[PDB]
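Engineer: An experimental structure, sequence included, is below.
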Amino acid sequence: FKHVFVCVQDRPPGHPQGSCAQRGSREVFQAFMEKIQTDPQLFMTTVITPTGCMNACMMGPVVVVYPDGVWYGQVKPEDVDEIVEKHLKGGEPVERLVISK
Amino acid sequence: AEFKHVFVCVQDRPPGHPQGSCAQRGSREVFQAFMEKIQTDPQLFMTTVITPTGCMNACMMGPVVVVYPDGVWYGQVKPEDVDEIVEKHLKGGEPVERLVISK
Ligand code: FES
Ligand code: FES
Ligand SMILES: [Zn+2]
Ligand SMILES: [Zn+2]
Ligand SMILES: [Zn+2]
Ligand SMILES: [Zn+2]
C-alpha cells in the first residue's frame, strides 16, 4: 500500500519561495490521479492526496510517498510515469528526484 | 524522538454532497488545534509536521487524520481530541485506540 501526497498549494506572486502550484504541481497531481485510476494493480493499493504546503517550497513540486517516507522534489508531470512504474509498482524510488528519505 | 507527519483532511464541499466533508464536520478547527499544540510545544515542533489535505476518501468517518510513517488513520476526530493524540501518540508513541479507523 502506498500513499502519495502532492503539494498543490498556490500563493500570490510576491511570495519569495513561490509555490508548488506555480511550479506545475496541479498537473503533477492530476497525472498521478489518472495513472492510479487506470492501472488495475495500483488502483487497489495506492492513494493520491493533494495537500497544502509541506515546507520544501524551493524544491517544488514536492511529492511525498508514505509509509516509505520518500520525498521528491522538482517533479514535472512527465516524471510521474517514472515514479509510478519504478517506485509505486517497482519498489525503487526514482533517485534523481529524491530530496529525502 | 523520531519524525511524525500528521495529515488532516480540511476538504469542504457544497451542502448537497451525500458524504458531507471533513470541514463540515469541524476539521479545520482540528487542524488549527494541531497547529496550536505542535507549536507552543518544543518537543513536538521539532519532530512533527502537520499538513492540511484534500479528501482522503473516508468521508463518512471524518474528520480524518492520518499519521505517518506509522500509518494510523483516525476518524471522527474532534478538536477536543487533539491534546490526547498529541500527548499519547505524537509524543508518547501510542495511538489513541478509540479513534482509530485503520492501522
Ligand atoms: S508550496 Fe509546496 S511545499 Fe510549500
Ligand atoms: S472530505 Fe475528508 S476524507 Fe473525504
Ligand atoms: Zn458532490
Ligand atoms: Zn463548508
Ligand atoms: Zn489543550
Ligand atoms: Zn482494544
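Structural biologist: Received the coordinates, thanks. Numbering: from 1, shown residues only, chains lettered A, B, ... in the order given. Ligands and ions are numbered 1, 2, ... in the order given.

Engineer: Other residues contacting stretch A:24-40?
Structural biologist: Outside stretch A:24-40, the residues that touch it by CB atoms under 8 Å, 6 or more residues apart in numbering or on different chains are A:4, A:6-9, A:42-43, A:46-48, A:50, A:60-63, A:75-77, A:79-81, A:83-84, A:88-89. C-beta here means a position set from N, CA and C on the backbone, and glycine is covered the same way.

Engineer: So what's the residue count around the closest residue to residue A:76 other than its chain neighbours?
Structural biologist: Using CB to CB, 6 or more residues apart in numbering or on different chains and skipping residues adjacent in sequence, the residue nearest residue A:76 is residue A:24, 6.6 Å away. In terms of burial, residue A:24 registers 15 neighbours under the definition other CB atoms under 10 Å in any protein chain shown.

Engineer: still on that earlier bit, quick one, which of the contacts of stretch A:24-40 are buried?
Structural biologist: Among the contacts of stretch A:24-40, those classed as buried by 16 or more other CB atoms under 10 Å in any protein chain shown are A:4, A:6-9, A:42, A:46-48, A:50, A:60-63, A:75, A:77, A:79-80, A:83-84, A:88-89.

Engineer: May I have the secondary structure class of the residue sitting furthest away from the middle of chain A?
Structural biologist: No residue in chain A sits farther from the centre than residue A:14, which is 24.2 Å out by CA atoms, centre = their mean. Following DSSP: H, G, I helix; E, B strand; the rest coil, the label given to residue A:14 is coil.

Engineer: among the contacts of stretch A:24-40, which are within reach of ligand 1?
Structural biologist: If you filter the contacts of stretch A:24-40 for contact with ligand 1, counting by CB under 6 Å from any ligand atom, you are left with A:7, A:9, A:60, A:62.

Engineer: Secondary structure and distance to residue A:54 added to those residues, as TSV?
Structural biologist: Written out in TSV, the entries for those read as follows (DSSP: H, G, I helix; E, B strand; the rest coil; distance: CB to CB, whole Å):
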residue	secondary structure	distance to residue A:54
A:7	strand	5
A:9	coil	8
A:60	coil	9
A:62	coil	5
